[PDB]
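Structure, as structure tokens:
Here Cβ is always computed from backbone atoms with ideal geometry, including for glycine, and neighbour counts include all displayed protein chains. Read-outs throughout are calculated quantities, based only on the coordinates presented, and are distinct from any laboratory measurement.
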Ligand SMILES: Nc1ncnc2c1ncn2[C@@H]1O[C@H](COP(=O)(O)OP(=O)(O)OP(=O)(O)O)[C@@H](O)[C@H]1O
Ligand SMILES: [Mg+2]
């Protein structure tokens, strides 16, 4: 009860937005724009559907592309910690939670189960993807259909189902050559395809230019 | 009384030579061709006797036994010489059954003890095996022969003298089991198929092969629970074929 009053009092502050922006990722130095974009993604928007014909989503997907050593994974870990319903996965492989639905007997419970992908488990939540450029064909197709149609269709072992996958996707990636080239466009610097990139609302580019003062401050931290 | 009346009606059905009938010529051809199976159209029987057709469809085993007895009597009357070779004859069925034309997916317990027609594809087949009908045994110690009929295998005489089996004097009949699966062209998309088991005996053993589309007409029956003090109350259903056709 008093929490609502405290929140309303905090909203009356003139610098509440700046405080919220600075609050995200206390242990990460710099990258104010990244934190602001992540705050905007976390707060989200509002979906619309005039009648039952035109559906417009309200989720803000975020993609970060950066050189090695720029602490891309720390942001994902912090977002996973903060978010109430967050599912973390990596495209390299051997992930705890898969990205494709399948029907199998569970190794532990020894029961016949239908295990959905991380996209379905993150319904009305957040899905974080690390190593976005190492994925295979199945993961790419599943992500494409989950981002365009916002649903997953399964036809396996006599089971035909359609499941909702309303989630916000935050992905991390590295350039093709290991270092971003300003002379080339963003599409040419990433192994991803144009339709996949077009889905993301916010694209962030991180570089590793040698600034002595910034490097000194980072080393001190 | 009912069985005798059914046999009388079945006997009356066959005598059609003075009524532009064909079945007498069919029986003559069967005798000429050394065959012991006759195919009778259900539509003609329904036209001539609707009550008998309804009883046969709703009750198969007794009516089929009566019809086999009638055919035995008819073949005896024609040429008793031929009837000596075979103990009993077998019946085949043909025609349009209508509501009883049932696919493997739509088979239910409502068709128990009835005659059904199914169309499908063959997926599993078994090796041909002999089945005993009669057994003959001989005792070298006493020079005595004994006969047994089947529908316990003796080994010793009354005075515990050993018995030797005469395989040649015994009687065996062929037996095989096949599996019929619903055709994928008609099954609903995205659903697992359903299969039925069929038993073939006598001359119908070698008329089916896996991967082939067939139509089988036969009786639908349950298998009783095997010996035990406790029963689960669930019986397995197996089709007993009487006619197989290559579509
Ligand atoms: N701004 C920063 N503030 C604090 N630590 C930082 C910062 N940038 C990088 N680091 C440190 O750099 C190290 C590199 O590991 P980290 O997992 O963060 O890398 P990454 O950017 O995800 O790299 P990769 O491209 O190999 O996946 C970490 O221990 C992290 O603490
Ligand atoms: Mg990393």
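For every residue, the table says whether it meets (1) within 16 Å of ligand 2 (Cβ to nearest atom); (2) within 14 Å of chain B (Cβ to nearest Cβ); (3) under 25 Å from residue A:210 (Cβ atoms).
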{"site": "A:20", "(1), (2), (3)": "no, no, no"}
{"site": "A:26", "(1), (2), (3)": "no, no, no"}
{"site": "A:34", "(1), (2), (3)": "yes, no, yes"}
{"site": "A:41", "(1), (2), (3)": "no, no, no"}
{"site": "A:44", "(1), (2), (3)": "no, no, no"}
{"site": "A:47", "(1), (2), (3)": "no, no, no"}
{"site": "A:79", "(1), (2), (3)": "yes, no, no"}
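Looking at segment A:99-134 only, could you name the residues that are assigned to a loop (DSSP other than H, G, I, E, B) and either under 27 Å from the mean Cα position of the chain (by Cα) or within 16 Å of ligand 2 (Cβ to nearest atom) (or both)? Answer for segment A:99-134, where residues must be assigned to a loop (DSSP other than H, G, I, E, B) and either under 27 Å from the mean Cα position of the chain (by Cα) or within 16 Å of ligand 2 (Cβ to nearest atom) (or both): A:99, A:100, A:101, A:116, A:117, A:122, A:123, A:124, A:131. Out of the residues in segment B:189-205 meeting the condition of being under 28 Å from the mean Cα position of the chain (by Cα) and assigned to a loop (DSSP other than H, G, I, E, B), tell me which one is surrounded by the most Cβ atoms within 10 Å (Cβ to Cβ). That would be B:205.
Checking the condition away from chain A (no Cβ under 14 Å), over 30 Å from residue A:159 (Cα atoms), assigned to a loop (DSSP other than H, G, I, E, B) and in contact with a strand residue (DSSP E or B) (Cβ under 7 Å, 6 or more places away or on another chain), which residue from B:227, B:209 passes?
Answer to the check: B:209.
Scanning segment B:185-206 for residues that are within 14 Å of chain A (Cβ to nearest Cβ) and at positive phi yields one hit, B:190.
If you check A:140, A:199, A:179, which single one turns out to be within 16 Å of ligand 1 (Cβ to nearest atom) and surrounded by fewer than 17 Cβ atoms within 10 Å (Cβ to Cβ)?
When all the criteria are applied, what remains is A:179.
Restricting attention to segment A:207-221, the residues that are assigned to a helix (DSSP H, G or I), away from ligand 1 (no atom under 12 Å from the Cβ) and loosely packed, with under 10 Cβ neighbours inside 10 Å total 2.
Residues are listed down the side, and each one gets a yes or a no for (1) within 22 Å of residue B:62 (Cα to Cα); (2) surrounded by 11 or more Cβ atoms within 10 Å (Cβ to Cβ):
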{"residue": "B:137", "(1), (2)": "no, yes"}
{"residue": "B:159", "(1), (2)": "no, no"}
{"residue": "B:212", "(1), (2)": "no, yes"}
{"residue": "B:217", "(1), (2)": "yes, yes"}
{"residue": "B:224", "(1), (2)": "yes, no"}
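Looking at the structure I just gave you, is residue B:180 away from chain A (no Cβ under 14 Å) and either loosely packed, with under 12 Cβ neighbours inside 10 Å or under 23 Å from residue B:114 (Cα atoms) (or both)? In short, yes.
The helices (runs of 4 or more DSSP H) falling completely within segment B:1-79 that include 2 or more residues that are farther than 21 Å from residue B:117 by Cβ map to B:2-14, B:23-32. Taking first residues from segment A:60-77 that are away from chain B (no Cβ under 14 Å) and partners that are within 7 Å of ligand 1 (Cβ to nearest atom) and in a helix (DSSP H, G or I), the Cβ contacts under 9 Å between residues at least 6 apart in sequence or on separate chains come to A:64/A:72; A:65/A:72; A:66/A:72.
Given B:124, B:186, which one is more than 16 Å from residue B:219 (Cβ to Cβ) and assigned to a strand (DSSP E or B)?
Working: B:186 fails: assigned to a strand (DSSP E or B).
After ruling out the rest, the residue left standing is B:124.
Here is a yes/no grid of residues against (1) crowded, with 16+ Cβ neighbours inside 10 Å; (2) under 21 Å from residue A:176 (Cα atoms):
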residue: A:90; (1), (2): yes, yes
residue: A:94; (1), (2): no, no
residue: A:108; (1), (2): no, no
residue: A:112; (1), (2): no, no
residue: A:115; (1), (2): no, no
residue: A:120; (1), (2): yes, no
residue: A:126; (1), (2): yes, no
residue: A:130; (1), (2): yes, yes
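Let's see how each residue does on (1) closer than 24 Å to residue A:73 by Cβ; (2) touching a strand residue (DSSP E or B) at 6+ places or on another chain (Cβ under 8 Å); (3) within 14 Å of chain B (Cβ to nearest Cβ):
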| residue | (1), (2), (3) |
| --- | --- |
| A:159 | no, yes, yes |
| A:162 | no, yes, yes |
| A:166 | no, no, no |
| A:172 | yes, yes, no |
| A:176 | yes, no, no |
| A:183 | no, no, no |
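All conditions in (1) within 16 Å of ligand 1 (Cβ to nearest atom); (2) closer than 17 Å to residue A:205 by Cα; (3) in contact with a strand residue (DSSP E or B) (Cβ under 9 Å, 6 or more places away or on another chain) hold for residue A:61, with the sole exception of (1). Can you find a residue that is within 16 Å of ligand 1 (Cβ to nearest atom), under 20 Å from residue A:199 (Cα atoms) and part of a loop (DSSP other than H, G, I, E, B) anywhere in segment A:67-82? Looking for residues that are within 16 Å of ligand 1 (Cβ to nearest atom), under 20 Å from residue A:199 (Cα atoms) and part of a loop (DSSP other than H, G, I, E, B), one finds none in segment A:67-82, hence no.
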